[PDB]
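Let me begin by presenting the structure, written as structure tokens, before commenting on it.
Number of protein chains: 2
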Amino acid sequence: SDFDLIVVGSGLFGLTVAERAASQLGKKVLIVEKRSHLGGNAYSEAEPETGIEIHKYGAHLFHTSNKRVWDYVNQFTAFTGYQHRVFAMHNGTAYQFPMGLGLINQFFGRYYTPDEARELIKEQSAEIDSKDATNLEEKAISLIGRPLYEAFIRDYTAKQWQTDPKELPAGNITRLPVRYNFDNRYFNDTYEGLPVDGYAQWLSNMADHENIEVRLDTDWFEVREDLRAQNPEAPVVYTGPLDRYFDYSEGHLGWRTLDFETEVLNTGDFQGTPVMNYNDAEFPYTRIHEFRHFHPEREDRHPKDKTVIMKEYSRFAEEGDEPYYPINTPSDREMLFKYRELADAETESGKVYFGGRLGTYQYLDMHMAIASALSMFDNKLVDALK
Amino acid sequence: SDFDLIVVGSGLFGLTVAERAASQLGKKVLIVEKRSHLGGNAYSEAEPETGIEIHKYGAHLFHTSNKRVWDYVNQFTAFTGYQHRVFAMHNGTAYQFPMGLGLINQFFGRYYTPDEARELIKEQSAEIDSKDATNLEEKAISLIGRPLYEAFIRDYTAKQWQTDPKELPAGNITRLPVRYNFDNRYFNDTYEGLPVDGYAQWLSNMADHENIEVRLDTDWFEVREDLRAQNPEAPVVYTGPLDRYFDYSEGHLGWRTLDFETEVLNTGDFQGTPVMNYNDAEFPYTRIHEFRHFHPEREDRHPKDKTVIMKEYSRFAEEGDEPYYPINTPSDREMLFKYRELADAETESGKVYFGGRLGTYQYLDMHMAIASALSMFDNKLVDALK
Ligand SMILES: Cc1cc2c(cc1C)N(C[C@H](O)[C@H](O)[C@H](O)COP(=O)(O)OP(=O)(O)OC[C@H]1O[C@@H](n3cnc4c(N)ncnc43)[C@H](O)[C@@H]1O)c1[nH]c(=O)[nH]c(=O)c1N2
Ligand SMILES: Cc1cc2c(cc1C)N(C[C@H](O)[C@H](O)[C@H](O)COP(=O)(O)OP(=O)(O)OC[C@H]1O[C@@H](n3cnc4c(N)ncnc43)[C@H](O)[C@@H]1O)c1[nH]c(=O)[nH]c(=O)c1N2
Ligand SMILES: O=c1ccn([C@@H]2O[C@H](COP(=O)(O)OP(=O)(O)O[C@H]3O[C@H](CO)[C@@H](O)[C@H](O)[C@H]3O)[C@@H](O)[C@H]2O)c(=O)[nH]1
Ligand SMILES: O=c1ccn([C@@H]2O[C@H](COP(=O)(O)OP(=O)(O)O[C@H]3O[C@H](CO)[C@@H](O)[C@H](O)[C@H]3O)[C@@H](O)[C@H]2O)c(=O)[nH]1
Ligand code: NA
Ligand code: NA
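If you're matching them up, the sequences are chains A and A' in order. A prime marks a further copy of an entry chain.
Basically PDB author numbering = 1-based index in the first sequence + 1.
Basically PDB author numbering = 1-based index in the second sequence + 1.
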């Protein structure tokens with residue numbers, strides 16, 4: 002055959018499945034991608050004026066405590082020692098972030114020892130018992146009190162979900178969001194970095210194999226019947242939109258989206274930190290990314306006097322807009338459960354597997370997706386190709 | 002012979018010289034150490050109540066951009082991903098540190114962009130031209146202005162050197178101490194961590210070799226004539242006090258010292274950061290070290306409800322007191338230059354080499370010492386043992 006496996010999509014999920022099949026089974030794998038680039042939403046490319054790497058589908062920071070995934074992805078790229086950190090902009094002052102002794106000192110006026118700070122939160126959050134809460138506004142206040150809630154959460158949350166906190170489930174926060182030390186790593190995980198020569202280089206390396214064929218700029222639904230004709234019992238992995246596979250026969254799945262406003266400024270340094278959250282409602286966007294800071298080890302290939310930055314906005318996502326975050330209304334999660342039924346049928350009837358962010362209506366971190374792929378590979382695909 | 006090389010001292014300098022001679026030349030090396038422990042001032046040991054590693058000769062953070070040294074020391078111990086960070090305590094508020102957009106925001110009331118902040122420092126430091134300064138107080142103010150100087154430098158400096166800034170050379174600061182971003186790594190170097198099983202374990206590994214013999218609790222001047230008798234043209238490396246070698250025949254070298262006040266507290270967490278500087282004169286000590294935080298990856302072998310901390314004080318150092326920092330008065334640096342003459346004579350007449358912190362009256366970082374040793378090894382010792 003020309004191929005033994007067809008993979009729809011070239012996000013981390015497709016790529017992984019693909020590469021395993023190529024290197025571990027030695028099969029011929031054909032990757033079909035709609036866009037003109039490899040990588041799915043993880044893709045990054047250089048801004049033309051400045052040369053600086055940016056991400057046209059949202060900023061991507063790689064982090065995992067999953068050693069399996071880590072050793073794996075390191076097979077295809079090295080990482081930097083980048084540790085992600087964030088600052089929160091509120092009333093013209095940049096606060097340390099997330100919530101901890103640092104922010105606490107800046108906001109309530111003076112230093113609180115760890116023990117002091119636990120107590121400070123005790124009194125503040127005493128208003129509502131977490132067992133009481135009816136919506137998102139309460140449940141937070143019940144965890145950290147009104148002063149903090151109103152300053153750092155209320156508007157930020159509102160902007161991100163286009164809504165009032167009072168009209169959101171209480172179940173969306175599940176943990177005390179406060180640290181009683183000065184540690185402001187944003188992420189708790191074992192391993193963390195950025196791909197050394199960027200994501201594009203990395204993603205691309207995953208498909209650079211003597212058994213993988215990649216057709217960019219190709220829609221699967223336009224070429225499916227043709228390709229399956231060439232070798233009919235070659236199986237498919239579909240990482241595209243779940244609902245669309247089944248021609249929305251059952252209602253459109255509901256997604257949240259993002260609009261990105263990307264400017265080049267005539268300064269070498271606009272905020273001196275990669276990410277700057279904006280928590281006051283006076284501003285449309287949720288945060289400003291300044292991309293040079295993600296790779297400071299490159300700042301000798303960077304513009305002395307220019308910098309690229311990007312403002313992130315949120316809204317609901319519909320048609321033509323890129324889907325980013327599943328919304329998961331109740332009326333979404335059953336039309337899902339339903340499509341599951343369809344997919345399984347379709348998986349047994351016609352050897353077509355469903356995976357990844359779009360393919361399962363589900364938020365996935367990068368390592369999550371990669372693992373999800375590796376699961377499917379080992380559990381479903383090894384026997385499916387014998 | 003029983004030994005081919007005698008090494009006085011077991012600090013990093015001795016150890017290095019020793020280990021190279023043992024592993025690269027295969028010589029028999031006898032290490033003579035006055036204290037009862039291996040390691041010199043780098044040594045660390047567990048506080049008995051809590052089990053927590055501490056440093057009885059000052060806190061030690063390892064950091065280098067010298068790859069040679071790095072690959073070397075990794076031969077004897079692994080390091081953690083510890084990045085050192087510091088906070089400055091001034092008027093009951095803990096400031097981000099060192100001086101940068103962060104501290105700046107906290108102190109002058111609101112966020113300053115990088116460009117804004119450069120300008121802010123322009124006006125502040127405009128008072129005195131750096132070309133003018135007569136003492137340490139001016140030279141700082143000429144670099145960062147009075148508001149900052151007085152808040153974060155004046156008292157801290159005074160405590161550390163027991164003096165008024167106005168009576169210190171202008172040459173002790175040589176660089177703008179301000180960052181125009183939010184990056185608060187304390188150290189600029191390529192590599193940085195803490196020894197995984199502590200320094201004691203590490204240091205000790207360097208002497209664990211089938212050609213190295215270690216006699217703890219032995220003063221060299223008490224046993225020298227004896228040992229050199231056993232094999233008279235076996236050479237010595239002396240890493241002890243330079244002046245004392247030559248029986249202070251030429252004036253006592255002047256050192257600064259430290260007194261450490263070490264307490265165990267009945268709390269799991271006293272300040273939630275490894276180091277907390279204290280910049281106001283209301284406090285005797287310069288900073289408080291809280292040692293559990295140096296190894297957070299151990300906090301599941303740490304006391305749930307106790308923590309060891311330590312307050313650091315400075316003064317001048319004399320006899321019986323441990324020497325820490327060369328003072329380098331003018332009347333010190335010529336009595337030095339002189340002892341150099343003596344040493345070289347003594348090096349040619351009697352094959353006795355002088356090295357390391359004490360042996361050269363000179364502040365040395367760990368990697369500096371190690372490199373200094375490696376220099377001496379390759380340049381003077383290889384031919385000296387043929
Ligand atoms: C804003 C934002 C930011 C981040 C993240 C998500 C979001 C939304 N993620 C990273 C990322 O979005 C996610 O992990 C991956 O995109 C999932 O990879 P997939 O293969 O599952 O989907 P992905 O969407 O990447 O791949 C799908 C591919 O299929 C193609 N395709 C679709 N329909 C097709 C059709 N009909 N025919 C052919 N091709 C078709 C698409 O063109 C696309 O290339 C993340 N995770 C993390 O761990 N850390 C982070 O910091 C971030 N950052
Ligand atoms: C407070 C403080 C903090 C730090 C540092 C210094 C100070 C003062 N240094 C680390 C350290 O102090 C320095 O790098 C080493 O001690 C130098 O190693 P040496 O072998 O040169 O001397 P060192 O003093 O360690 O070794 C001398 C040894 O010789 C022995 N001795 C002396 N006289 C003798 C005699 N007559 N006979 C026999 N034995 C004798 C002593 O007992 C001792 O064991 C540092 N560096 C860095 O890179 N990062 C850091 O964070 C720090 N931290
Ligand atoms: O300043 C802040 C930050 C967060 N939040 C709340 O916490 C949530 C966290 O969202 P956000 O800070 O915007 O994004 P992350 O937590 O960094 O990441 C989200 O998106 C990432 C990439 O898209 C995924 O890796 C994460 O799982 C997902 O939580 C927000 O919706 C808010 O409800 C605030 O109120 N204020
Ligand atoms: O809060 C601060 C910190 C520093 N300084 C000034 O900067 C100097 C720096 O000294 P200090 O902060 O006490 O120590 P380090 O810079 O961390 O380290 C000193 O001691 C270390 C270990 O002993 C060595 O690695 C360094 O080379 C040596 O500069 C001080 O004397 C002051 O003059 C201030 O004014 N305020
Ligand atoms: Na409560
Ligand atoms: Na000036």
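Just so it is clear, CB atoms sit at the ideal spot from N, CA and C, and this is done for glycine as well.
Practice item. Determine the chain A' residues that contact A/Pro115 at a beta-carbon separation under 9 Å, and present them in chain order. Key: For the purposes of this step, residue 115 of chain A is taken as the residue at position 114 of the first sequence. Residues of chain A' passing the Cβ test: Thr268, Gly269, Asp270, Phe271, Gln272, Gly273.
Point to revise | Any beta strand (DSSP E) of 3 or more consecutive residues that is wholly inside the segment 89-115 of chain A | key: 94-98
Review point. Does the beta carbon of A'/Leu102 come closer than 7 Å to any beta carbon on chain A?
Key: Here residue 102 of chain A' is taken as the residue at index 101 of the second sequence, counted from 1. Chain A contact via Cβ: present.
Check your understanding: In chain order, what residues of the same chain lie with their CB nearer than 6 Å to the CB of A/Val215, ignoring the 5 residues before and after it?
Key -> By one-based count along the first sequence, residue 215 of chain A stands at place 214. Once the five neighbours on either side are set aside, the close Cβ partners of A/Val215 are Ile32, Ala208.
Check your understanding: Which whole-angstrom value is the C-beta distance of A/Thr240 and A/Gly59, which I expect to be below 8 Å?
Key -> On the first sequence, position 239 is the one that residue 240 of chain A refers to. On the first sequence, position 58 is the one that residue 59 of chain A refers to. 18 Å between Cβ atoms; not a contact.
Check your understanding: For the candidate residues A'/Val18, A'/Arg36, A'/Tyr362, whose alpha-carbon lies nearest to that of A'/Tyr44?
Key -> Counted from its first residue, the second sequence places residue 44 of chain A' at position 43. The residue with the shortest Cα to Cα distance from A'/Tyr44 is A'/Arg36.
Review point. In whole angstroms, what is the alpha-carbon distance linking A'/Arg341 and A'/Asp156?
Key: Translated into the one-based positions of the second sequence, residue 341 of chain A' becomes position 340. Translated into the one-based positions of the second sequence, residue 156 of chain A' becomes position 155. Distance between the alpha carbons of A'/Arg341 and A'/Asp156: 36 Å.
Check your understanding: Can A'/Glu323 and A'/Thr219 be called in contact, C-beta distance under 7 Å?
Key -> Counting from one through the second sequence, the residue named residue 323 of chain A' turns up at place 322. Counting from one through the second sequence, the residue named residue 219 of chain A' turns up at place 218. Their beta carbons are not under 7 Å apart, which means A'/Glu323 does not touch A'/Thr219 by this criterion.
Point to revise | Per-residue burial, A'/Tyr192 [other beta carbons within 10 Å of its own, 16 or more giving buried] | key: Sequence index remark: in the second sequence, residue 192 of chain A' carries index 191 (1-based). Counting Cβ neighbours within 10 Å, A'/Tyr192 comes out buried, since at least 16 surround it.
Review point. Cβ atoms of A/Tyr187 and A/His85: under 7 Å apart, would you say?
Key: The count along the first sequence starts at 1 and reaches residue 85 of chain A at position 84. The count along the first sequence starts at 1 and reaches residue 187 of chain A at position 186. It is a contact, given that the beta carbons lie within the stated cut-off.
Review point. If you draw a straight line from the C-alpha of A'/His368 to the C-alpha of A/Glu168, how long is it?
Key: For the purposes of this step, residue 368 of chain A' is taken as the residue at position 367 of the second sequence. For the purposes of this step, residue 168 of chain A is taken as the residue at position 167 of the first sequence. Approximately 59 Å between the Cα atoms of the pair.
Exercise for review: Grab the span of the alpha helix (DSSP H) containing A'/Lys160 for me, first residue to last.
Suggested key: Within the second sequence, numbered from 1, the residue matching residue 160 of chain A' stands at position 159. Its alpha helix (DSSP H) spans residues 156-162.
**Study point:** Chain-ordered residues, beta carbon under 6 Å from a heavy atom of ligand 6
**Key:** A'/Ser126, A'/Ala127, A'/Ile129, A'/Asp130, A'/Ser131, A'/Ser143
Check your understanding: Using the C-alpha atoms, what's the distance from A/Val238 back to A/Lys339?
Key -> As a working note, residue 339 of chain A is residue 338 in the first sequence. As a working note, residue 238 of chain A is residue 237 in the first sequence. Roughly 20 Å separates the two Cα atoms.
Exercise for review: Could you pull out every unbroken beta strand (DSSP E) segment of at least 3 residues lying fully inside the segment 6-40 of chain A', listed in chain order?
Suggested key: 6-9, 30-33
Practice item. Tell me where the alpha helix (DSSP H) around A'/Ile145 begins and ends. Key: Mapped onto the second sequence, residue 145 of chain A' falls at position 144. First-last of the alpha helix (DSSP H) with A'/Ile145: 137-145.
**Study point:** Span separating the alpha-carbon of A/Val8 from that of A/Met377
**Key:** Numbered from its first residue, the first sequence carries residue 8 of chain A at position 7. Numbered from its first residue, the first sequence carries residue 377 of chain A at position 376. Whole-angstrom Cα-Cα distance: 13 Å.
Exercise for review: Determine, using beta carbons only, whether A/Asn189 comes closer than 7 Å to chain A'.
Suggested key: Locating residue 189 of chain A in the first sequence gives position 188, counting from the first residue. It does not: the Cβ of A/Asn189 has no partner Cβ on chain A' nearer than 7 Å.
Check your understanding: Which same chain residues, not among the five before or five after A/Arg69, have their C-beta less than 8 Å away from its C-beta?
Key -> Walking along the first sequence from the start, residue 69 of chain A turns up at place 68. Closer than 8 Å at the Cβ level, and outside the excluded window around A/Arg69, lie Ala372, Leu375.
Check your understanding: Any chance the CB of A/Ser11 is under 6 Å from a heavy atom of ligand 1?
Key -> Here residue 11 of chain A is taken as the residue at index 10 of the first sequence, counted from 1. For ligand 1, at least one heavy atom lies less than 6 Å from the Cβ of A/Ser11.
Check your understanding: Going straight from the alpha carbon of A'/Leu359 to that of A'/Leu243, what length do you get?
Key -> Along the second sequence, one-based indexing puts residue 359 of chain A' at 358. Along the second sequence, one-based indexing puts residue 243 of chain A' at 242. C-alpha separation (whole angstroms): 6 Å.
Practice item. Quickly, what does DSSP pair A'/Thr268 with across the bridge? List them, please. Key: In the second sequence, counting from the first residue as 1, residue 268 of chain A' sits at position 267. Paired residues: none, contrary to the question.
Point to revise | Proximal residues of chain A, C-beta to C-beta of A'/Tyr112 below 8 Å | key: Against the second sequence, residue 112 of chain A' aligns to sequence position 111. Going along chain A in sequence order, the residues near A'/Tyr112 (Cβ under 8 Å) are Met90, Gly93, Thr94, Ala95.
Exercise for review: Give the DSSP-derived three-state secondary structure of A'/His294 in the structure shown.
Suggested key: As a first step, residue 294 of chain A' must be located in the second sequence, where it is residue number 293. Three-state result, A'/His294: helix.
Exercise for review: Taking C-beta pairs closer than 8 Å, name the residues in chain A' that residue 1 of chain A reaches, listed in chain order.
Suggested key: The structure shown does not extend to residue 1 of chain A, since chain A spans only 2 to 387, so no value can be given for it.
Practice item. With 7 Å as the threshold, decide whether the Cβ of A/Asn106 is near any Cβ in chain A'. Key: Translated into positions along the first sequence, residue 106 of chain A becomes position 105. For A/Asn106, the answer is yes, since a Cβ of chain A' falls inside 7 Å of its Cβ.
Review point. Looking at A'/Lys352 and A'/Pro236, is the spacing between their C-beta atoms short of 7 Å?
Key: Translated into the one-based positions of the second sequence, residue 236 of chain A' becomes position 235. Translated into the one-based positions of the second sequence, residue 352 of chain A' becomes position 351. Taking 7 Å as the Cβ cut-off, A'/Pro236 and A'/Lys352 qualify as a contacting pair.
**Study point:** For A/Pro148, the three-state DSSP class (helix, strand or coil)
**Key:** Indexing the first sequence from 1 puts residue 148 of chain A at position 147. Residue state, collapsed to three classes: helix.
Practice item. Taking the CB atoms as reference points, tell me whether A/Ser11 and A/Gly41 lie closer together than 7 Å. Key: Here the question's residue 11 of chain A lines up with position 10 in the first sequence. Here the question's residue 41 of chain A lines up with position 40 in the first sequence. The answer is yes: Cβ separation under 7 Å.
Exercise for review: Just the C-alpha distance for A/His56 and A/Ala346, rounded to the nearest angstrom, thanks.
Suggested key: Reading the first sequence from its first residue, position 55 is the one you call residue 56 of chain A. Reading the first sequence from its first residue, position 345 is the one you call residue 346 of chain A. The alpha-carbon atoms of A/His56 and A/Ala346 are separated by roughly 37 Å.
Exercise for review: Check whether the Cβ atoms of A'/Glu139 and A'/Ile129 lie closer than 7 Å to each other.
Suggested key: The residue given as residue 139 of chain A' occupies position 138 in the second sequence. The residue given as residue 129 of chain A' occupies position 128 in the second sequence. Contact: yes.
Practice item. Determine the burial state of A'/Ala23: buried for a count of at least 16 other Cβ atoms within 10 Å of its Cβ, exposed for fewer. Key: The residue labelled residue 23 of chain A' in the question sits at position 22 within the second sequence. Buried, because 16 or more other Cβ atoms sit within 10 Å of the Cβ of A'/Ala23.
Review point. Can the beta-carbon of A/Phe98 be found closer than 7 Å to that of A/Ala89?
Key: Position 97 of the first sequence, counted from the first residue, corresponds to residue 98 of chain A. Position 88 of the first sequence, counted from the first residue, corresponds to residue 89 of chain A. It is a contact, given that the beta carbons lie within the stated cut-off.
Practice item. State the DSSP-derived secondary structure class of A'/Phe153, mapped to helix, strand or coil. Key: For the purposes of this step, residue 153 of chain A' is taken as residue 152 along the second sequence, with counting starting at 1. Helix.
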